[PDB]
């Protein structure tokens, strides 16, 4: 709930060079049609989806992949750091460490990395070829900046490391490292802003659990639903349309009642009403780091969270 001024200085440069800048892989040449799949530079849907919105005749570019999304993940990685420490046996990553083992310095380095996570987007295009291209751009944007200005903070082993996380390579595990694990889990919380209750609570397949089940499985029901309500308060603070939740509607969403009941035994009952988007809060969040940061620090972290 407080971020180092050197973290916000990196978010200032990112906002100027990447998150402020329009979506350049858009228009007719990036339209897609399965029926004629290679009649265009796009090989999948999503290039023209939510490219900008208008607040007081001002363009808010890549609104759903913009400043408010990017900076909300840092607060989530700062909450889960303490949530992980409360666990007797926190999940142990492929590198042999847990998020709890991470020191306060690694978290500041991890926060600087989270800024470039989706910064390399040129569009909302989501098909693995667009997703992995955009993650590669964000990774190279990080490497150049980090090698030039942040050698006083990062070692050359750590740039290689954190670039590999942001890239999210084809053949790297989820939690392949305790920093990338947490960077993913931070990215993940924030999906709540653009996903049906299914992918949030039921999981989008028989395998995958669902976002909130993940928070409950890893951090316990109590800490796990605290983390979810805080994500949704930070939606409210940044003018995002806060979704509603309804365990009574899960059976009528076209799933097998196994994956609903699984979600119902895990999540429990949840009924809670949604809140409507605000142009004013969104614009305050979207057009400056000072206004984004200021709007988000105001919001109470749960009672157990005590920053070191």
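Positions refer to the first chain, counted from 1.
Colleague: Between 76-84 and 149-157, name whichever shows the higher mean Cα B factor according to the PDB entry.
Modeller: Taking the mean C-alpha B-factor of 76-84 and of 149-157, the larger value falls to 149-157.
Colleague: Please compare 202-210 with 100-108 and say which has the higher mean C-alpha temperature factor in the record.
Modeller: Result: 202-210.
Colleague: Checking the entry, which one of 252, 59, 69, 47 has the top C-alpha B factor?
Modeller: The C-alpha B-factor peaks, among 252, 59, 69, 47, at 252.
Colleague: Pick out which of 65, 53, 263, 245 has the highest C-alpha B-factor in the PDB entry.
Modeller: Max CA B-factor in the entry, restricted to 65, 53, 263, 245: 263.
Colleague: Could you look up the Cα B-factor of residue 43 in the entry and say which third of the chain it sits in: lowest, middle or highest?
Modeller: Middle third of the chain for residue 43's C-alpha B-factor.
Colleague: Among the modelled residues of its chain, does the C-alpha B-factor of residue 136 lie in the lowest, middle or highest third?
Modeller: Lowest third, going by the recorded CA B-factors of the chain.
Colleague: Would you check the entry's CA temperature factor for residue 195 and let me know if it's in the chain's lowest, middle or highest third?
Modeller: Bottom third by C-alpha B-factor.
Colleague: Can you tell me whether residue 174 has a C-alpha B-factor in the lowest, middle or highest third compared with the other modelled residues of the same chain?
Modeller: Highest third.
Colleague: Split into thirds by Cα B-factor across the chain's modelled residues, where does residue 189 land: lowest, middle or highest?
Modeller: Middle third of the chain for residue 189's C-alpha B-factor.
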